[PDB]
Amino acid sequence: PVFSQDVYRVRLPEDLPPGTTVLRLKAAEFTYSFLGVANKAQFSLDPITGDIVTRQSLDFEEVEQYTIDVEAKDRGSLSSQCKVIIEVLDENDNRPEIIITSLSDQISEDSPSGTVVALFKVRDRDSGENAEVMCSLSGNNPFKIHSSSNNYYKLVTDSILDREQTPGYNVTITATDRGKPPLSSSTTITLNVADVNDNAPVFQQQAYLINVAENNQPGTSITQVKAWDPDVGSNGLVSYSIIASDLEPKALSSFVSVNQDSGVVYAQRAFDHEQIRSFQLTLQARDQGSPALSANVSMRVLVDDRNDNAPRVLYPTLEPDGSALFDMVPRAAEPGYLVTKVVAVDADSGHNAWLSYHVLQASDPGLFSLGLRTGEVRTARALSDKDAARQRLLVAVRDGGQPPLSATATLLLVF
Amino acid sequence: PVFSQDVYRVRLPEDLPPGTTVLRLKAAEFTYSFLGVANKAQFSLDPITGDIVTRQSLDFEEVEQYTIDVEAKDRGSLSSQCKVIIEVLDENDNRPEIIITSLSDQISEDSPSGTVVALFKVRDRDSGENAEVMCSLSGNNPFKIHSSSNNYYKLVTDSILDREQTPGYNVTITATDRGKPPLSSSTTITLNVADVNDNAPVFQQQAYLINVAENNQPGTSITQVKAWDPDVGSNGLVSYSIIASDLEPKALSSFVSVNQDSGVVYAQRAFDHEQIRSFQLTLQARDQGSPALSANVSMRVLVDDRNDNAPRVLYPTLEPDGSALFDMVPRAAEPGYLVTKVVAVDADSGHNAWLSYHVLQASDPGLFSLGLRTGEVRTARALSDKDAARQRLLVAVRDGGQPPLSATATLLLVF
Amino acid sequence: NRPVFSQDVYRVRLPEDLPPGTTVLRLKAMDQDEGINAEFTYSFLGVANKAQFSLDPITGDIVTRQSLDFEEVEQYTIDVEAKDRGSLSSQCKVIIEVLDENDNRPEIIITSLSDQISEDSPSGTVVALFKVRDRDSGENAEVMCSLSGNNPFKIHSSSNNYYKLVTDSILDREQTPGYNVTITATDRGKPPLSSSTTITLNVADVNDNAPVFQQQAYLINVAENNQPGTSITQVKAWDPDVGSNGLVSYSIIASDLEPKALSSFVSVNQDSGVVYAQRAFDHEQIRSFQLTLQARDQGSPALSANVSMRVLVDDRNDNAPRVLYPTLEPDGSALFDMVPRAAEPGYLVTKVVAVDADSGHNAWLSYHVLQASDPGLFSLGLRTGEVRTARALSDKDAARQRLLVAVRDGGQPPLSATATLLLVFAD
Amino acid sequence: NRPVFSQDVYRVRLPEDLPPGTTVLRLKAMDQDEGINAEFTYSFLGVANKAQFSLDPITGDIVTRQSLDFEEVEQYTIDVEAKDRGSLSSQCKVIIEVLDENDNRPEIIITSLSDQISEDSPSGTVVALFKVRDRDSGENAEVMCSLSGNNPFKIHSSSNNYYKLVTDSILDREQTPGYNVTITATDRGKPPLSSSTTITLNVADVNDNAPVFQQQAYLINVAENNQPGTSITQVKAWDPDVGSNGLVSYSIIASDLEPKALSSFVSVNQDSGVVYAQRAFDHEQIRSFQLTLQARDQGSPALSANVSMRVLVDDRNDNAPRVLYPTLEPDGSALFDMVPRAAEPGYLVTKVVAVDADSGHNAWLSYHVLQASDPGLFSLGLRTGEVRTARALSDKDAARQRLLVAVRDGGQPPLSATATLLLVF
Ligand SMILES: *[C@@H]1O[C@H](CO)[C@@H](O[C@@H]2O[C@H](CO)[C@@H](O[C@@H]3O[C@H](CO)[C@@H](O)[C@H](O)[C@@H]3O)[C@H](O)[C@H]2NC(C)=O)[C@H](O)[C@H]1NC(C)=O
Ligand SMILES: *[C@@H]1O[C@H](CO)[C@@H](O)[C@H](O)[C@H]1NC(C)=O
Ligand SMILES: *[C@@H]1O[C@H](CO)[C@@H](O)[C@H](O)[C@H]1NC(C)=O
Ligand SMILES: *[C@@H]1O[C@H](CO)[C@@H](O)[C@H](O)[C@H]1NC(C)=O
Ligand SMILES: *[C@H]1O[C@H](CO)[C@@H](O)[C@H](O)[C@@H]1O
Ligand SMILES: *[C@H]1O[C@H](CO)[C@@H](O)[C@H](O)[C@@H]1O
Ligand SMILES: *[C@H]1O[C@H](CO)[C@@H](O)[C@H](O)[C@@H]1O
Ligand SMILES: *[C@H]1O[C@H](CO)[C@@H](O)[C@H](O)[C@@H]1O
Ligand SMILES: *[C@H]1O[C@H](CO)[C@@H](O)[C@H](O)[C@@H]1O
Ligand SMILES: *[C@H]1O[C@H](CO)[C@@H](O)[C@H](O)[C@@H]1O
Ligand SMILES: *[C@H]1O[C@H](CO)[C@@H](O)[C@H](O)[C@@H]1O
Ligand SMILES: *[C@H]1O[C@H](CO)[C@@H](O)[C@H](O)[C@@H]1O
Ligand SMILES: *[C@H]1O[C@H](CO)[C@@H](O)[C@H](O)[C@@H]1O
Ligand SMILES: *[C@H]1O[C@H](CO)[C@@H](O)[C@H](O)[C@@H]1O
Ligand SMILES: *[C@H]1O[C@H](CO)[C@@H](O)[C@H](O)[C@@H]1O
Ligand SMILES: *[C@H]1O[C@H](CO)[C@@H](O)[C@H](O)[C@@H]1O
Ligand SMILES: *[C@H]1O[C@H](CO)[C@@H](O)[C@H](O)[C@@H]1O
Ligand SMILES: *[C@H]1O[C@H](CO)[C@@H](O)[C@H](O)[C@@H]1O
Ligand SMILES: *[C@H]1O[C@H](CO)[C@@H](O)[C@H](O)[C@@H]1O
Ligand SMILES: *[C@H]1O[C@H](CO)[C@@H](O)[C@H](O)[C@@H]1O
Ligand SMILES: *[C@H]1O[C@H](CO)[C@@H](O)[C@H](O)[C@@H]1O
Ligand SMILES: *[C@H]1O[C@H](CO)[C@@H](O)[C@H](O)[C@@H]1O
Ligand SMILES: *[C@H]1O[C@H](CO)[C@@H](O)[C@H](O)[C@@H]1O
Ligand SMILES: *[C@H]1O[C@H](CO)[C@@H](O)[C@H](O)[C@@H]1O
Ligand SMILES: *[C@H]1O[C@H](CO)[C@@H](O)[C@H](O)[C@@H]1O
Ligand SMILES: *[C@H]1O[C@H](CO)[C@@H](O)[C@H](O)[C@@H]1O
Ligand SMILES: *[C@H]1O[C@H](CO)[C@@H](O)[C@H](O)[C@@H]1O
Ligand SMILES: *[C@H]1O[C@H](CO)[C@@H](O)[C@H](O)[C@@H]1O
Ligand SMILES: [Ca+2]
Ligand SMILES: [Ca+2]
Ligand SMILES: [Ca+2]
Ligand SMILES: [Ca+2]
Ligand SMILES: [Ca+2]
Ligand SMILES: [Ca+2]
Ligand SMILES: [Ca+2]
Ligand SMILES: [Ca+2]
Ligand SMILES: [Ca+2]
Ligand SMILES: [Ca+2]
Ligand SMILES: [Ca+2]
Ligand SMILES: [Ca+2]
Ligand SMILES: [Ca+2]
Ligand SMILES: [Ca+2]
Ligand SMILES: [Ca+2]
Ligand SMILES: [Ca+2]
Ligand SMILES: [Ca+2]
Ligand SMILES: [Ca+2]
Ligand SMILES: [Ca+2]
Ligand SMILES: [Ca+2]
Ligand SMILES: [Ca+2]
């Protein structure tokens with residue numbers, strides 16, 4: 001009972017359907033049978049026709065080689081044996097899988113380029129080129145895939161992160177085997193950037209300025225300040241404070257204060273234009289993070305003048321009644337002769353200190369001419385002897401404000 | 001020769017296989033033959049057995065029944081006649097056909113519910129219940145199939161259309177017959193919703209406010225506005241204009257304009273802070289569809305102040321060469337004796353109107369003392385006999401803005 | 001800002017199975033300057049099948065609203081005009097060409113079918129005319145027809161998709177009465193489509209077979225004096241034909257007998273084929289006789305077959321021996337008184353000669369001595385019958401000797417005839 | 001101010017196919033005053049799976065980071081702490097529960113497959129053991145197993161997602177030797193997912209068929225005087241069985257002849273079935289005989305079948321006629337004298353009798369005359385054998401006449417027996 005060959009070899013694709021004849025053993029009254037151990041659950045050997053058949057689906061990942069010992073025996077007890085080595089072939093029927101070994105809690109904004117965000121490995125149950133996989137990262141992300149070792153990868157940053165620009169990212173790792181045809185699978189991880197105090201508060205205006213009218217009730221709003229911080233949380237919350245002033249340090253509390261939460265500037269007293277002209281403060285915005293970032297602005301407050309000071313007369317000296325005595329003016333001079341020079345002042349400024357002398361009353365109209373601005377009282381015409389000796393003048397000093405304030409004086413001039 | 005019956009009636013499904021025996025005519029050697037006209041291409045009559053078989057597939061849609069006249073003849077002249085009537089039963093072997101007679105060009109979104117959009121009919125080559133056709137539609141789109149008279153249909157609307165939500169629709173009609181088993185066919189049509197000016201323009205900001213520095217060149221851009229419109233075409237093209245202002249209506253053209261195509265606000269004059277401080281304006285954005293829709297926005301323009309106005313000296317009055325004479329100042333004067341107080345104003349605001357008084361030059365340094373803030377020239381010391389009788393004192397008045405504008409004043413002081 | 005199209009003429013090629021709702025060409029009229037960007041209004045110009053395609057007047061793209069069909073309409077030509085906010089306008093032409101797809105399977109239409117084919121139909125006889133049609137165009141409409149299986153039929157192509165099913169071999173109904181033939185039509189599209197129709201053909205029978213007798217020659221042996229009108233043997237003829245052409249009829253056409261005798265001796269039942277003897281045969285009269293039988297079918301014309309059967313009659317022991325010489329008196333006695341006393345022993349007294357009309361051992365004669373007054377004085381030849389003297393007679397013997405002889409045959413049981421020889425002496 | 005959470009425990013339910021990065025929950029702690037609006041900073045407290053969920057310290061919303069899987073972890077627990085700018089704090093607990101989805105289909109595992117099943121195997125034999133596994137839980141792990149086809153198998157479920165492939169009919173290898181069994185498993189979740197595995201089964205042969213002869217009765221004709229050891233005919237028997245149970249062995253068991261003589265008359269070849277003639281048959285010795293043959297297969301238990309074959313020996317003309325009367329001397333002559341010279345016409349001289357041991361044409365005897373001293377004087381019956389006087393004797397004719405008579409048969413070639421008749425007047 002000779003066999004055609006003493007060793008048979010046959011190559012089977014693992015996707016080979018069940019019930020297909022894989023080998024025919026022909027040596028006519030023979031009976032064939034498995035000798036020794038044979039996976040009879042996978043292959044069937046018809047003892048009459050000598051056909052080996054697959055009874056079940058193959059799987060290269062389960063068992064990849066079989067060795068069958070076939071024994072042929074005739075009607076007489078004649079015997080022969082042969083070996084059939086069935087090699088099954090791998091097919092790319094398994095797709096790659098991604099397993100995330102470690103994922104960072106949060107990545108700080110100031111994490112340098114090259115920091116490792118995530119660790120992950122890949123797997124493919126196939127063998128050879130059907131198991132070699134390529135990991136492509138997807139999208140517009142500041143991330144790069146590094147291969148630490150075979151199927152042990154690293155997700156890392158290669159750019160500089162800025163939470164105020166982009167807070168989060170949707171990274172999707174893709175793994176594609178090099179099999180024919182290829183199979184691929186992907187996973188998606190979300191990454192959030194941790195805030196760091198890398199921005200300092202900045203005031204809306206480089207310098208601030210406000211004019212407030214004098215004679216104001218205290219404890220009221222005079223103006224407001226505001227600072228921006230792109231950071232978030234305690235690193236993006238601003239507080240306002242006064243640190244420096246040209247005023248006496250012990251006297252600053254009496255003038256101004258700042259609401260550290262809102263930034264409105266409170267006046268804590270009734271400003272006086274005549275006592276203090278203006279003052280300069282140094283404001284500071286500041287976050288409550290560690291370390292604390294700050295910014296200083298120069299601010300100035302100019303108190304506006306108001307018509308609250310009546311003019312007062314320096315000369316002549318007034319009796320408590322009001323009159324002044326000048327009883328030696330000579331009749332010898334022609335017009336243009338100055339009798340006296342009235343001088344007054346006003347503690348205000350501008351048109352509130354504009355002095356205009358008016359002849360309010362007189363015992364003789366047209367006798368004395370008074371410079372509206374100079375204050376010199378003169379004789380406008382020649383002295384006629386029909387005029388009386390005793391002459392009473394009543395001058396009024398008025399300021400250029402609206403409404404004006406005035407102060408009157410009596411010039412008793414007799415001849 | 002006698003038959004069992006004169007007339008035979010059979011029922012054959014149209015899907016009857018070919019070569020199947022239909023009738024067995026028995027009457028003894030006889031010869032059976034077709035008499036008259038008989039579809040010998042469809043049925044075969046064996047002369048010996050008397051059987052009738054189908055030579056070909058049956059089809060109800062072409063022939064519904066056959067009548068064949070068989071004849072039995074003895075060896076002698078004696079013969080007798082028989083008639084066979086074969087009836088074919090209709091089987092559902094035809095699927096329903098959808099034909100679309102008319103399909104609308106465009107349906108405007110303002111079309112009311114129940115408007116006709118498409119016309120289609122259905123046909124079925126079968127017969128009976130195998131030709132009863134039912135039309136079903138997908139429910140996503142707002143369309144309902146209107147069951148018209150007899151296998152005719154209308155596709156109409158059952159909701160409101162909004163092309164700003166969904167501009168188009170895929171519509172899939174599926175017709176199913178009531179045969180057993182049932183057959184079905186489908187068709188797909190695309191419906192586009194037209195645009196109607198049902199949305200109004202929307203300004204990009206709630207209200208506008210821009211700062212314009214004075215002494216600006218005329219014909220320059222100060223700020224730009226934008227208005228959106230989800231409509232498309234002429235219904236979504238915004239045109240800007242100025243509708244009202246707090247200024248004199250005859251002067252509105254002399255101050256600001258707006259480019260209707262771009263929405264930029266042009267300044268038509270050199271703004272002056274000392275004349276007008278700020279002015280508020282109303283803008284209008286409308287689409288060029290008929291009828292049109294519009295929206296109005298508020299925009300306030302603040303004129304920033306610059307140091308363009310020089311401080312004018314009020315008191316005292318100056319000569320053409322800027323001279324002032326205080327000739328009768330007492331020589332026996334106490335330190336701090338108020339020689340005079342200079343009054344000056346500035347038409348600007350803030351730093352540009354913050355006046356300080358300096359001493360530009362003097363005949364005798366240290367003879368007079370001038371306050372920076374109030375500009376009061378006084379005597380620092382008591383006048384010694386070594387001091388001259390006539391003294392020249394050139395003072396200046398400056399403001400705080402950069403660059404400063406100053407007004408000079410030469411002073412003639414005789415004792 | 002007047003519009004200009006990229007091309008004056010656009011061309012798009014679409015497969016007919018393109019889904020409804022597919023953007024086919026996004027027209028975008030632009031300005032002559034590259035830096036400037038403009039928006040235009042698009043609209044159909046001339047006559048355009050708006051039921052099939054739609055043109056967005058803002059985005060400018062064309063989209064199909066229904067499923068395309070190459071067999072209904074092959075191409076479209078739609079003109080598009082771009083208009084600005086002003087009145088300036090540009091124009092372009094869009095030609096859409098549908099591409100034929102293999103979406104129709106071949107259709108088989110059996111134009112004419114033969115009523116029936118006789119087995120003697122020559123090779124080249126046409127049995128079926130059919131045509132094939134494919135609604136597709138070009139190669140998706142080119143067809144290949146193939147038959148199915150064993151049947152002796154060949155497809156003969158013709159002019160314009162008309163086909164002929166013809167016979168190539170010779171038909172024999174006794175071999176195969178009918179065939180199931182299935183025609184398959186396949187287009188040379190990628191992928192291809194096929195459709196098949198089955199027809200059934202029955203071969204008609206012609207009387208092409210003459211009956212054959214079961215045996216080349218027939219020989220039957222029957223004993224004589226049989227019962228008349230009884231079966232003696234039976235013949236049978238086979239005919240593979242069917243119907244009237246396979247109906248065998250037997251008859252007697254000739255023999256070596258006289259005509260009237262032939263009717264009285266043998267007959268044959270034409271349906272069964274058995275042959276009957278209408279009289280009791282006699283071996284002494286007739287020894288044997290030759291006959292010729294003919295089997296025929298009932299078709300027109302009839303086909304016959306001749307076979308010669310001859311009958312041999314077997315002999316039985318039905319005739320008793322007859323004594324020819326010497327002559328017998330009604331008593332049964334003969335008288336021979338001329339016997340010489342001086343004759344030597346062994347002298348031939350006389351010889352009894354008998355014959356038998358039978359044959360063989362049934363005519364094989366023996367002569368036995370039934371009785372006698374004197375035993376041992378006469379000895380006869382057992383077969384020759386020569387009764388002569390056995391021993392010389394003493395003078396003391398009686399002058400009158402009586403002999404009683406019997407002649408018998410060799411049959412079972414034997415038959416005999418007796419004779420008395422009276423012999424007296426003288427001088 | 002103090003933060004207060006709306007609830008001390010939050011419960012959310014997430015399908016396991018929830019995309020990563022979706023907002024699970026937005027925790028918003030608030031101040032107790034309805035009018036007061038405040039904000040707090042949130043943070044994970046205690047143990048928490050920071051890998052699957054992320055918490056924004058400002059918006060206070062928990063969001064998934066990776067994709068969820070019910071088969072791995074079914075629920076998570078989070079301890080969130082809300083704190084204001086001061087030292088006051090509040091805490092709550094979020095219980096996240098994942099809902100199982102039908103994302104895993106059931107797999108078939110053929111535990112054990114029978115090597116081969118004999119066609120006599122009882123109804124209900126177990127051919128295959130297999131189990132079905134589904135990684136899902138709940139009604140997505142309950143599976144219905146149905147096999148396709150007409151095969152005489154049905155699925156008998158076992159205890160715990162173990163299954164048995166058993167028979168429900170009788171098997172017949174001569175009708176169906178193999179089977180393509182396709183098992184389809186379908187879980188009962190919505191939507192359902194199904195799979196299928198195919199196995200092949202071969203039914204073994206059992207000697208259940210007995211051989212049969214090609215003819216019910218056998219009849220054969222052979223001519224006599226044949227050489228010994230010659231093929232006269234051949235018998236053949238078929239066996240639907242295959243192998244040892246389908247190999248026919250021929251033998252002769254019965255016959256009407258003498259049992260000790262049967263061996264010398266006829267034999268049979270056991271392997272081929274040819275019938276050999278063991279001697280030269282004689283038609284005159286035996287006319288016909290009956291054999292009873294037996295075909296048998298070589299299995300346990302062996303099945304047999306007997307057939308009757310009748311052998312008829314056909315007659316050939318091998319025996320010549322023999323002349324009974326008259327007895328002839330070595331001369332081949334017989335003497336009948338003392339014939340009367342005055343013989344009447346038709347006077348019966350003698351009747352010749354002869355026989356032949358053959359049959360039919362070979363035994364049909366005819367009597368002819370080859371030579372004669374005087375033609376026309378004696379007439380011999382062609383069928384009767386009667387030699388008589390044809391004419392009256394003339395005075396010129398001699399008394400001593402001789403007639404050479406031969407007896408012939410109708411065989412091919414014909415045989416004869418001769419005799420010379422000496423007749424004296
Ligand atoms: C009506 O149905 C048709 C077909 O079912 C729709 O056309 C298809 O629309 C989808 C989604 O817009 C397209 O997917 C896209 O494919 C392009 C290919 O370049 C790819 O770049 C995109 O990322 C996306 O995957 C699909 O291609 C398209 N089919 C064809 C043949 O163009 C149509 O949109 C439906 N119309 C309505 C109003 O529902
Ligand atoms: C043709 O097929 C039918 C059905 O398969 C069968 O009944 C018939 O006997 C067949 N005819 C021939 C001649 O084989
Ligand atoms: C089993 O199925 C295969 C594939 O369809 C087929 O080729 C084979 O003939 C089948 N085996 C049996 C015994 O039917
Ligand atoms: C054949 O004969 C033998 C013995 O005579 C007997 O055992 C056997 O059953 C018989 N077989 C048949 C089929 O009659
Ligand atoms: C190989 O040959 C065997 C014969 O037993 C078949 O069963 C099988 O399907 C393949 O054709
Ligand atoms: C990876 O790539 C394959 C083809 O190579 C796709 O089928 C799969 O969906 C994934 O995109
Ligand atoms: C990642 O991307 C693949 C395609 O590359 C998808 O199939 C998968 O679901 C995931 O979105
Ligand atoms: C405080 O509040 C007043 C209004 O009361 C403002 O005018 C001021 O600028 C500051 O914001
Ligand atoms: C100047 O004028 C005012 C106006 O009322 C007086 O009240 C004041 O006393 C002075 O005469
Ligand atoms: C000047 O005149 C006013 C009245 O106008 C007095 O009230 C004042 O005291 C002074 O005499
Ligand atoms: C009926 O009988 C006819 C002829 O007898 C067959 O050809 C046919 O297949 C059916 O069995
Ligand atoms: C239309 O509907 C029928 C059942 O009514 C289906 O069998 C067919 O495939 C189509 O979906
Ligand atoms: C429309 O829908 C039916 C099923 O309803 C399909 O069979 C057809 O091909 C088309 O897609
Ligand atoms: C007009 O143009 C100026 C620049 O000249 C812009 O700054 C302004 O906002 C507007 O767009
Ligand atoms: C007043 O002072 C300014 C300097 O601030 C000079 O530039 C000006 O000419 C005037 O003397
Ligand atoms: C003050 O001085 C300036 C020169 O600096 C003169 O131009 C002016 O008129 C005034 O006398
Ligand atoms: C082709 O592209 C256009 C772009 O507007 C779509 O409207 C159309 O449905 C198809 O996707
Ligand atoms: C003809 O060929 C097609 C494929 O080319 C088959 O699908 C069809 O059943 C027929 O065999
Ligand atoms: C043509 O198609 C029919 C139905 O598909 C088959 O029955 C036939 O055998 C041929 O393939
Ligand atoms: C008529 O019938 C006899 C039996 O009675 C047969 O022996 C004979 O051969 C013929 O068939
Ligand atoms: C001759 O002998 C036979 C017996 O063989 C008798 O039966 C007959 O009567 C005669 O005596
Ligand atoms: C011979 O003997 C028989 C009796 O056996 C007689 O019947 C005959 O007549 C002759 O005498
Ligand atoms: C839920 O809301 C968060 C923000 O609170 C988003 O980041 C997330 O993508 C989901 O929309
Ligand atoms: C199991 O069930 C699924 C769902 O019906 C099918 O898609 C599949 O082919 C198998 O029949
Ligand atoms: C069983 O069914 C599955 C689909 O349900 C197939 O993929 C498989 O090949 C077998 O036919
Ligand atoms: C033995 O051989 C003869 C011829 O050699 C055959 O006729 C006989 O049937 C047997 O096979
Ligand atoms: C009898 O006759 C035959 C011819 O039939 C001879 O061959 C033989 O020798 C004898 O004379
Ligand atoms: C008849 O003739 C033959 C010769 O043919 C002799 O052999 C025989 O003995 C008889 O005389
Ligand atoms: Ca694999
Ligand atoms: Ca793989
Ligand atoms: Ca930051
Ligand atoms: Ca900060
Ligand atoms: Ca004041
Ligand atoms: Ca004042
Ligand atoms: Ca229908
Ligand atoms: Ca129909
Ligand atoms: Ca609209
Ligand atoms: Ca609009
Ligand atoms: Ca100024
Ligand atoms: Ca086509
Ligand atoms: Ca085609
Ligand atoms: Ca015939
Ligand atoms: Ca007799
Ligand atoms: Ca699950
Ligand atoms: Ca499941
Ligand atoms: Ca068996
Ligand atoms: Ca057997
Ligand atoms: Ca013989
Ligand atoms: Ca002979």
# chains A, B, ... in the order shown; residues from 1 in each chain; ligands from 1
call {"tool": "residues_near_ligand", "arguments": {"ligand": "ligand 18", "cutoff": "8 Å", "atoms": "only C-alpha atoms and all ligand atoms", "output": "CSV table (one decimal) with N, CA and C atoms, in the first residue's frame"}}
result
chain,number,residue,atom,x,y,z
C,184,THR,N,-30.1,30.6,-21.5
C,184,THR,CA,-29.6,31.6,-20.6
C,184,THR,C,-29.0,32.7,-21.4
C,185,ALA,N,-29.4,34.0,-21.1
C,185,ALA,CA,-28.8,35.2,-21.8
C,185,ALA,C,-28.1,36.0,-20.8
C,186,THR,N,-26.9,36.4,-21.2
C,186,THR,CA,-25.9,37.1,-20.3
C,186,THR,C,-25.3,38.3,-21.1
C,187,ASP,N,-25.5,39.5,-20.5
C,187,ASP,CA,-24.8,40.7,-21.2
C,187,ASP,C,-23.4,40.8,-20.7
C,191,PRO,N,-20.8,44.9,-13.5
C,191,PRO,CA,-21.1,43.5,-13.5
C,191,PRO,C,-22.2,43.0,-14.5
C,192,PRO,N,-22.1,41.7,-14.9
C,192,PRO,CA,-23.1,41.2,-15.9
C,192,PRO,C,-24.4,40.8,-15.2
C,193,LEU,N,-25.4,40.7,-16.1
C,193,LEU,CA,-26.7,40.2,-15.7
C,193,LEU,C,-27.2,39.2,-16.6
C,194,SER,N,-27.9,38.2,-16.1
C,194,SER,CA,-28.4,37.1,-17.0
C,194,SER,C,-29.9,36.8,-16.6
C,195,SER,N,-30.5,36.2,-17.6
C,195,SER,CA,-31.9,35.7,-17.4
C,195,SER,C,-32.1,34.5,-18.3
C,196,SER,N,-32.9,33.5,-17.8
C,196,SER,CA,-33.0,32.2,-18.4
C,196,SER,C,-34.5,31.8,-18.5
call {"tool": "residues_near_ligand", "arguments": {"ligand": "ligand 25", "cutoff": "12 Å", "atoms": "only C-alpha atoms and all ligand atoms", "output": "PyMOL selection string"}}
result
(chain A and resi 15-18+57) or (chain D and resi 105-108+145-149+180-187+192-199)
call {"tool": "calpha_fit_rmsd", "arguments": {"fixed": "chain A", "moving": "chain B"}}
result
2.1 Å
call {"tool": "interface_residues", "arguments": {"of": "chain D", "to": "chain C", "cutoff": "10 Å", "atoms": "only C-alpha atoms", "output": "ChimeraX atom specification"}}
result
/D:323-327,336,348-356,359-361,364-365,383-386
call {"tool": "residues_near_ligand", "arguments": {"ligand": "ligand 40", "cutoff": "10 Å", "atoms": "only C-alpha atoms and all ligand atoms", "output": "ChimeraX atom specification"}}
result
/C:15-17,68-72,74,98-105,134-138,140-141
call {"tool": "interface_residues", "arguments": {"of": "chain B", "to": "chain A", "cutoff": "10 Å", "atoms": "only C-alpha atoms", "output": "MDAnalysis selection string"}}
result
chainID B and resid 313:317 326 328 338 340:346 349:351 354:355 373:375
call {"tool": "decode", "arguments": {"residues": "segment 370-376 of chain A", "atoms": "N, CA and C atoms", "output": "CSV table (one decimal), in the first residue's frame"}}
result
chain,number,residue,atom,x,y,z
A,370,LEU,N,-14.3,156.2,37.4
A,370,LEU,CA,-13.7,155.1,38.1
A,370,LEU,C,-13.3,154.0,37.0
A,371,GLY,N,-12.0,153.7,37.0
A,371,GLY,CA,-11.6,152.6,36.1
A,371,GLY,C,-12.2,151.3,36.4
A,372,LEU,N,-13.0,150.8,35.5
A,372,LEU,CA,-13.7,149.5,35.7
A,372,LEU,C,-12.8,148.4,36.2
A,373,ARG,N,-11.6,148.4,35.7
A,373,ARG,CA,-10.6,147.3,36.1
A,373,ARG,C,-9.5,147.8,37.1
A,374,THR,N,-9.1,149.1,36.9
A,374,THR,CA,-8.0,149.6,37.7
A,374,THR,C,-8.4,149.9,39.1
A,375,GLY,N,-9.5,150.5,39.4
A,375,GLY,CA,-9.9,150.9,40.7
A,375,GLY,C,-9.6,152.3,41.1
A,376,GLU,N,-8.9,153.1,40.2
A,376,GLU,CA,-8.6,154.4,40.5
A,376,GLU,C,-9.8,155.3,40.4
